[PDB]
Every structure is written in C-alpha cells, then in structure tokens.
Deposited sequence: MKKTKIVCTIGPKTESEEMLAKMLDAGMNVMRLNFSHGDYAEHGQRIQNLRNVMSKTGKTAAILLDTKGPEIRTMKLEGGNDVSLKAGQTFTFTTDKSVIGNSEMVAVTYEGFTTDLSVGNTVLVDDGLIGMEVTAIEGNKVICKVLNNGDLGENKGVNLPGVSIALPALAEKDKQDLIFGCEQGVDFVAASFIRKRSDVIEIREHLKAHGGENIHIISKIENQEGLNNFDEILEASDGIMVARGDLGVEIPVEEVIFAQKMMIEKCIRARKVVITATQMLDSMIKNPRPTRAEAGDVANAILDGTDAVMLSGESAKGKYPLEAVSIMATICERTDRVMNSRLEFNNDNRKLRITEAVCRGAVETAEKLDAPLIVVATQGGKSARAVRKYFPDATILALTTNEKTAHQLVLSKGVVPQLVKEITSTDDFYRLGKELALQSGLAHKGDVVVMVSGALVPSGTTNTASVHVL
C-alpha cells in the first residue's frame, strides 16, 4: 500500500520476463531505459518483454527513455596510458580532436571549450576527481593550473561550475534515440542536461515531429544554469528529474538539498511529476543490504514529497536488483505510512483541494477521478491525500503515465458516457478494485459539461 513510485533501470540482468515480473511484484512501477548504454535491439526487446509481461499478468507499468545527452569529455592519451597530474602544474586543454594527450595537455570533444570558459573559472575532471582553475585561454587552448593531485585517464567527464555551456539540447545520437522512442511509443522522455527553456522546447518539437506529442518530457536538472532557469524549464516540461550527483559536482554541496526540496516543492505545486534519481542505493550494486545513510536519503526524499524514486545501476547491472527494489519498496511503504495531507486559485484547485479535504472528513479510503489527460488525478494528488486515487481513463498513454504519479492506481475503461455513468461505473470499479469495500465512502472527481483540462465536479458516494 505504498504511494511513492519506483523507477527501475533495466539492463541485461533484469531484462528477462521472469525478472521483470518479479521486479514488478517487488514494487517496480516504471522501466527506465538508459541510452547511455545499449543498442536499439536490446531496448526494443526489453520493451517487448515488459509489455508482454504486462499483457499476460495484468500488471501496470510505464516505460521511460532516458537520453545519454550531450557532454564534455576528455579524449585519448598517449599509448592509452593514464597520467598522474600534480598540484600546481600547468595543465592545458585543446579543442583539437586529433590531439593525443599526455601529462602536459589533453583534448576535449567540445568545440566551445575555449569560448564558454573564462580566466578564473573552475574545471572539474572525472566526476570532480581532479579540479583545475583556468589561468589563461589562448587560441584553441585553455591553460589551467592544477589545484590537487590526481590521476587522469581516458574519456573522463568534464564539469564547468557556474558556466553556461553552449552545448546543443540534443546530441546527434539523442535525436535518433528519440525517434526510436517515438517508434516504440514510450510514455516518458527524460531529457539530460536541461539548462533552459529552448532545450525543452527543442525536445518537444523533436518529439512532435515524429508522433510523440503525447510523450511527457522529464527535464533533468544537472547544473547551475538549469537550476537558475528552473521555473521556465518546469513550466515548459511535464516533469523534473533531480540529479543530485551532478549537482553535487556543479553547485556548492550545502545547496543541493535545498535545490532538491525547492524543485520537489515547485513540482508539487505545479501538479507535475518529479523524480529523485542518482546516489540512491548505490552500495547495493555489490552488497545485499543498503547503508543507513542511503535509506535516510531516500526516506527524506520521499518526505520532501517526491512522486517517484529511481534505481540506477542497482537494478540494471548490479548483483542484487530484487533486493534493492524490495528494500526500496519497504522504505517507500514505511515513509508513506506517516505522511499527511497538505491542505488567484482557480476552479480545479478549489475543487480538488475541497475533494481531498472532504475525503479526509468522511474517512474515504478512495478518491475516484475521471480523467482524459491525467490532469485531474495529479490535481488531486497535489495535496497528498490519505486516500488512494483511482484514476479511470479511456486513454492508455495517460493510464501508463499516471503510473509515475504518487499514490494513484490508474485503470483503463471502455467509456464514460456521463457524470452519473461515471459515478455508477466508478462505484462498480471501486468495489472491483478491492481498495474499498461495502460501507466505505468514496469521493468522485470529474469534469462535467467542460472540455479536457478542467476539473470542476466532486461527488460523495457510499459503497
């Protein structure tokens, strides 16, 4: 009876129908396809396997495509050997991709490394392992002074704290991956390294161009620029993914937690899904139990008010995926049990808030919602109702998409002819769902005599 949802990164070890079924049973709600690794055949087969399991078992789940995204990385070294960098030495970055790199200098993939950077800026290498301060920028070169000792290797990630990185919204591979996403008919697209509105709009147009207009865009906030432009990004997006690990490398350490809480809170207010990802249960990639701190982080993330929590590497390429999903689910359950509701504003707001409040007054274990796009369910969900949300819809895509929202059980129905019919059918399905029984009060929310996008009716019934 947990409400917060679980996104599971599926890989070679958990792609089989058996494992997927066990994963769904364990508490999995959404399959993440990390396009940082794999080819189309694999991902396609995972999709097919999952949906067949879904078809066979009658279990519900969503499919999310996570792009690799554009990134600045170092390149090849002399003889393929790592080098050791010392503190205080003159290190240089060149934008020439033909350059093989040694101690003194290395090449980067980004053609704007010289342009975007300024003298005094910080350059981090290999997930913040090695830090450098730019001393000079000349021609195609960026001359820096090393701040700390460390060993540089091949193809390491580069982070530029507080720097606006003129990279495209989509790498060329990402564009093709999105087309694949449209072909497969995924429910979500998690766009990596979103820094501004134009990026999201570009994602949207790219989708639109290949019949993916109904696919929801989850903007991944990974650095300061994206955090600064969070409002427009959120307004333009259908959801947000809080990437703590990257933020930990991009912004001051003491600020990440408030970025998470702030983004979660704003996501909650906007009735849009939010996912807290990375650095979740990483220790369980090799161990059968997570550490206390991890459980704490996850629990607190749930208490912040997250729609979903994500497993990355634990469930994909880890030695104990089911254990991770299981303990994650227990944490979810334990945390959800003790959370309470949070009670010019418009119709939808007043009606949904009033519906939750009314539900709370009458000890209703269920709030049934008639939805076409999924907006009403999220509108009711906004207030963290004690009641489970039974979202009845004739749209599979939204039915799938609602799987990601907290505390909502979506259900596909043939048709809803009217409001009274919705009440009848809703009562029937409310009893059929097993979430409520005879004698229980149920609150029923819908849009009457209005187009989609407005919630204005609330009705109380006894089962």
Where does the model skip over parts of the deposited sequence? 344-350
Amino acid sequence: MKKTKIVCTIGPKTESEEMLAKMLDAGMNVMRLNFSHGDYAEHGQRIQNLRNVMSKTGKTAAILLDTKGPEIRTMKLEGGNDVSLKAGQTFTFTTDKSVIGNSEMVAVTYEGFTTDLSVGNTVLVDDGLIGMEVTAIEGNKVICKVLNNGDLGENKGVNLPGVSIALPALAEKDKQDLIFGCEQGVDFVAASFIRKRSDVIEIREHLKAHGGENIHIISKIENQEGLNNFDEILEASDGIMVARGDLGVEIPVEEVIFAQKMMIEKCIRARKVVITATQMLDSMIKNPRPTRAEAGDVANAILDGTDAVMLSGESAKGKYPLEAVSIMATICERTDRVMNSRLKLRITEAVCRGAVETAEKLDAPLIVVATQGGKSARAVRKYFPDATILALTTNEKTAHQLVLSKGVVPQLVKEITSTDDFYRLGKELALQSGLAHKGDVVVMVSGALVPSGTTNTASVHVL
From here on, numbers count along this sequence of modelled residues.
Would you determine, from the values in the PDB entry, which of 350-358 and 166-174 has the greater average C-alpha temperature factor? 350-358
For the higher mean C-alpha B factor in the entry, choose 374-382 or 84-92. 84-92
Name the one of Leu207, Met105, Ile218, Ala387 with the greatest CA B-factor according to the PDB entry. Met105
Could you tell me which one of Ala329, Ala391, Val134, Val298 shows the highest CA temperature factor in the PDB record? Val134
Using the B-factor values recorded in the entry, state whether the Cα atom of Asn287 falls in the lowest, middle or highest third among the modelled residues of its chain. highest
CA B-factor placement of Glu183, once the chain's modelled residues are sorted into thirds: lowest
Comparing against every modelled residue in the chain, figure out the third that the C-alpha B-factor of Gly44 lands in (lowest, middle or highest). middle
B-factor third for the C-alpha atom of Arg424 within its chain: highest
Classify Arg334 as lowest, middle or highest third according to the C-alpha B-factor given in the PDB entry, relative to its own chain. middle
